[PDB]
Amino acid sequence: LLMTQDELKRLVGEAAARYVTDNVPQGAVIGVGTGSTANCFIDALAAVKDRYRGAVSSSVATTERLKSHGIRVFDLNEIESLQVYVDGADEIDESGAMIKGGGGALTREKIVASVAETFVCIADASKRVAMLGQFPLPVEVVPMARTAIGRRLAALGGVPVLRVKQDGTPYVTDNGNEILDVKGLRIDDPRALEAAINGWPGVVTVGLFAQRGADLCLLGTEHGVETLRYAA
């Protein structure tokens, strides 16, 4: 059987909607990630939306898509707890540590994930790697610190690339910050690197979700969906 990457993303989006229906009680609020795979989950969740109160969203794009389906979106400050957060990843390793932030809303994703009891990572097989780092690591930085943080990254052998828009000017996040996409790191200890980068003044968020990684991953392969589980 031949499945394209888009078909594998649909498979895991549907599998995640089933995970929610199987594990999350009626009336719950669902934490919703960002990106192409998450969008497949949103479409699948829409089919069962009547059993849930609504969602907490990790991005402007996700909020727009949820709303296009008539799903209620709650600001996180309104919500005392979340059982589940379903999101994609740019990469995931054997420990369930992830690189995220390749697209929008690095910071928001990490915040929603921090509240949710269970992080369900949905990804096609190409996202599972032996060692994180070949996908550039996003670091959200206060602009005044751009060069200071870049030098710290270069000291580690990292190649920091300021994220730019089509028009060549700096991408700016929702909180008025820049992103350095860092290439050339071979991240054998993601929890340790996460703590080190979080300790640098001027860093807002680092796209290593490792101290709080995936609890499970629904992985869409050419032979079907695999369910991978990880320890806290």
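Note that residue numbering begins at 1 and tracks the sequence as displayed.
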Looking only at CA atoms, which has the higher mean B factor in the entry: 48-56 or 200-208? 48-56
Quick one: say whether 161-169 or 26-34 has the higher mean Cα B-factor in the deposited entry. 161-169
Between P143, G133, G101, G88, let me know which has the highest C-alpha B-factor in the entry? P143
If you check the C-alpha B-factor for each of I111, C121, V139, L156 in the entry, which is highest? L156
Pull the Cα B-factor of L219 out of the PDB entry and bin it into the chain's lowest, middle or highest third. lowest
Where the record places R186 (Cα B-factor, split into thirds across the chain): highest
Relative C-alpha B-factor of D75, binned into the chain's lowest, middle or highest third: middle
Within this chain, which third does the Cα B-factor at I179 fall in: lowest, middle or highest? middle
Sorting the chain's modelled residues by C-alpha B-factor and splitting them into thirds places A97 in the lowest
